[PDB]
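Asker: Pasting a structure here, questions to come.
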Amino acid sequence: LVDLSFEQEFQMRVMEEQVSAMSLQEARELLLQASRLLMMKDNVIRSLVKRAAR
Amino acid sequence: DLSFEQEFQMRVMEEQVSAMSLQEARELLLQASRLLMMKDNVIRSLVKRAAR
């Protein structure tokens, strides 16, 4: 199971602080850095689930 | 290491962002941040079956 802890909810309130004062350029570079990171995360997971089975 | 399908999605993503409003670019940056944490939780789980 996986869902947001207390402190991560805190982290979400902080990112929201810093995003609201972001320029169009900064929000776009970071979002792209985030989307790429999301895919590299799927790969760590997939690779971890395989490595457990076998 | 992005697979071949992922590199491709990236390109589609560079093309969407570049057209995004400052408004959507923010909403979505948050969502992606939530997701990264959710995925980090999943990764932490699977690593915990380190119970051996």
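Lettering and numbering for the structure tokens are positional, with chains as A, B, ... in the shown order, residues counted from 1 in each chain, and ligands counted from 1 in the shown order.
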List the spatial neighbours of residue 13 (chain A) as a ChimeraX atom specification - criterion: any atom at most 12 Å away, only C-alpha atoms, same-chain residues fewer than 5 positions off excluded.
Answerer: /A:6-8,18-20 /B:30-31,33-34
Asker: Please, could you write that set of residues out with N, CA, C and O atoms as an mmCIF file, in the first residue's frame?
Answerer:
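Printed below is again.cif as written:
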data_model
loop_
_atom_site.group_PDB
_atom_site.id
_atom_site.type_symbol
_atom_site.label_atom_id
_atom_site.label_comp_id
_atom_site.auth_asym_id
_atom_site.auth_seq_id
_atom_site.Cartn_x
_atom_site.Cartn_y
_atom_site.Cartn_z
ATOM 1 N N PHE A 6 1.999 11.963 6.749
ATOM 2 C CA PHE A 6 1.778 13.289 7.310
ATOM 3 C C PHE A 6 2.785 14.264 6.716
ATOM 4 O O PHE A 6 2.411 15.240 6.068
ATOM 5 N N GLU A 7 4.065 13.986 6.919
ATOM 6 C CA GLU A 7 5.090 14.872 6.420
ATOM 7 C C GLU A 7 5.080 15.113 4.910
ATOM 8 O O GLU A 7 5.442 16.202 4.474
ATOM 9 N N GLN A 8 4.662 14.135 4.108
ATOM 10 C CA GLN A 8 4.618 14.350 2.660
ATOM 11 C C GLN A 8 3.492 15.327 2.321
ATOM 12 O O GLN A 8 3.568 16.041 1.319
ATOM 13 N N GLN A 18 5.941 27.293 -3.337
ATOM 14 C CA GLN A 18 6.959 27.606 -4.325
ATOM 15 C C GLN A 18 6.509 27.569 -5.782
ATOM 16 O O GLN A 18 7.142 28.178 -6.637
ATOM 17 N N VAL A 19 5.426 26.858 -6.074
ATOM 18 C CA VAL A 19 4.941 26.782 -7.446
ATOM 19 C C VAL A 19 4.152 28.044 -7.818
ATOM 20 O O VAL A 19 4.280 28.560 -8.934
ATOM 21 N N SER A 20 3.374 28.553 -6.864
ATOM 22 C CA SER A 20 2.546 29.748 -7.054
ATOM 23 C C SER A 20 3.328 31.008 -7.425
ATOM 24 O O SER A 20 2.768 31.957 -7.976
ATOM 25 N N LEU B 30 2.282 20.238 -9.634
ATOM 26 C CA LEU B 30 1.905 19.774 -8.301
ATOM 27 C C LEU B 30 1.503 18.335 -8.362
ATOM 28 O O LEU B 30 2.012 17.516 -7.601
ATOM 29 N N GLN B 31 0.588 18.036 -9.275
ATOM 30 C CA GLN B 31 0.134 16.676 -9.430
ATOM 31 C C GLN B 31 1.313 15.733 -9.591
ATOM 32 O O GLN B 31 1.354 14.690 -8.948
ATOM 33 N N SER B 33 4.221 16.108 -8.568
ATOM 34 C CA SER B 33 4.977 16.051 -7.326
ATOM 35 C C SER B 33 4.314 15.073 -6.353
ATOM 36 O O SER B 33 5.003 14.338 -5.638
ATOM 37 N N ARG B 34 2.984 15.083 -6.332
ATOM 38 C CA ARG B 34 2.224 14.181 -5.486
ATOM 39 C C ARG B 34 2.614 12.772 -5.956
ATOM 40 O O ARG B 34 3.137 11.965 -5.175
#
Asker: Can you tell me which residues surround residue 35 (chain B) at a distance of at most 12 Å, considering only C-alpha atoms, apart from same-chain residues fewer than 5 positions away, and format the answer as a PyMOL selection string?
Answerer: (chain A and resi 2-4+8-9+12+34-35+37-39+41-42) or (chain B and resi 28-30+40-42)
Asker: Would you mind listing what lies within 10 Å of region 11-20 of chain B as an mmCIF file with N, CA, C and O atoms, in the first residue's frame, with only C-alpha atoms counted and same-chain residues fewer than 4 positions away left out?
Answerer:
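Output file result-v3.cif follows:
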data_model
loop_
_atom_site.group_PDB
_atom_site.id
_atom_site.type_symbol
_atom_site.label_atom_id
_atom_site.label_comp_id
_atom_site.auth_asym_id
_atom_site.auth_seq_id
_atom_site.Cartn_x
_atom_site.Cartn_y
_atom_site.Cartn_z
ATOM 1 N N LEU A 24 6.610 31.229 -15.962
ATOM 2 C CA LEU A 24 6.166 30.251 -16.951
ATOM 3 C C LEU A 24 7.310 29.336 -17.388
ATOM 4 O O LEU A 24 7.101 28.142 -17.615
ATOM 5 N N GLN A 25 8.514 29.897 -17.492
ATOM 6 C CA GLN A 25 9.685 29.125 -17.897
ATOM 7 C C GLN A 25 10.060 28.112 -16.801
ATOM 8 O O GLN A 25 10.181 26.919 -17.081
ATOM 9 N N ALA A 27 8.286 26.813 -14.329
ATOM 10 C CA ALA A 27 7.258 25.803 -14.146
ATOM 11 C C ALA A 27 7.298 24.766 -15.263
ATOM 12 O O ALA A 27 6.937 23.606 -15.058
ATOM 13 N N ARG A 28 7.740 25.185 -16.445
ATOM 14 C CA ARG A 28 7.815 24.279 -17.577
ATOM 15 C C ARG A 28 9.068 23.415 -17.524
ATOM 16 O O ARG A 28 8.991 22.215 -17.781
ATOM 17 N N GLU A 29 10.223 23.996 -17.195
ATOM 18 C CA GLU A 29 11.428 23.171 -17.123
ATOM 19 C C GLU A 29 11.247 22.115 -16.033
ATOM 20 O O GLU A 29 11.476 20.924 -16.281
ATOM 21 N N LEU A 31 8.441 20.887 -14.624
ATOM 22 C CA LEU A 31 7.387 19.917 -14.949
ATOM 23 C C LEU A 31 7.976 18.830 -15.848
ATOM 24 O O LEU A 31 7.660 17.643 -15.717
ATOM 25 N N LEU A 32 8.814 19.257 -16.786
ATOM 26 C CA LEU A 32 9.458 18.341 -17.714
ATOM 27 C C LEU A 32 10.438 17.478 -16.952
ATOM 28 O O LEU A 32 10.587 16.294 -17.245
ATOM 29 N N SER A 35 8.132 14.944 -15.172
ATOM 30 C CA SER A 35 7.547 13.910 -16.035
ATOM 31 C C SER A 35 8.584 12.854 -16.403
ATOM 32 O O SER A 35 8.281 11.669 -16.474
ATOM 33 N N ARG A 36 9.806 13.296 -16.655
ATOM 34 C CA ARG A 36 10.888 12.377 -16.966
ATOM 35 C C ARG A 36 11.131 11.504 -15.726
ATOM 36 O O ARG A 36 11.216 10.279 -15.817
ATOM 37 N N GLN B 6 9.317 5.462 -23.778
ATOM 38 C CA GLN B 6 9.382 6.585 -22.863
ATOM 39 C C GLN B 6 10.036 7.814 -23.470
ATOM 40 O O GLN B 6 9.558 8.925 -23.248
ATOM 41 N N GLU B 7 11.117 7.621 -24.229
ATOM 42 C CA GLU B 7 11.790 8.748 -24.880
ATOM 43 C C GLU B 7 10.724 9.409 -25.733
ATOM 44 O O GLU B 7 10.575 10.631 -25.743
ATOM 45 N N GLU B 24 -1.979 25.899 -16.011
ATOM 46 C CA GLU B 24 -1.952 24.450 -16.102
ATOM 47 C C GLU B 24 -0.560 23.925 -15.739
ATOM 48 O O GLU B 24 -0.432 22.934 -15.017
ATOM 49 N N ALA B 25 0.480 24.601 -16.219
ATOM 50 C CA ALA B 25 1.841 24.184 -15.921
ATOM 51 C C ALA B 25 2.052 24.059 -14.413
ATOM 52 O O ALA B 25 2.848 23.232 -13.972
ATOM 53 N N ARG B 26 1.350 24.874 -13.627
ATOM 54 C CA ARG B 26 1.478 24.804 -12.172
ATOM 55 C C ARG B 26 0.647 23.662 -11.575
ATOM 56 O O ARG B 26 1.164 22.858 -10.792
ATOM 57 N N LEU B 28 -0.414 20.958 -12.867
ATOM 58 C CA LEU B 28 0.265 19.734 -13.255
ATOM 59 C C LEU B 28 1.631 19.491 -12.613
ATOM 60 O O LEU B 28 2.038 18.339 -12.452
#
Asker: Would you kindly return, as a VMD selection string, each protein, DNA or RNA residue with an atom no farther than 8 Å from any atom of residue 43 (chain A), considering only C-alpha atoms and excluding same-chain residues fewer than 3 positions away?
Answerer: (chain A and resid 39 to 40 46 to 47) or (chain B and resid 1 to 2)
Asker: Neighbouring residues of residue 50 (chain B) were defined as those with any atom within 12 Å, considering only C-alpha atoms; residues of the same chain fewer than 4 positions away were excluded. Please report them as JSON, numbers by chain.
Answerer: {"A": [48, 51, 52], "B": [43, 44, 45, 46]}
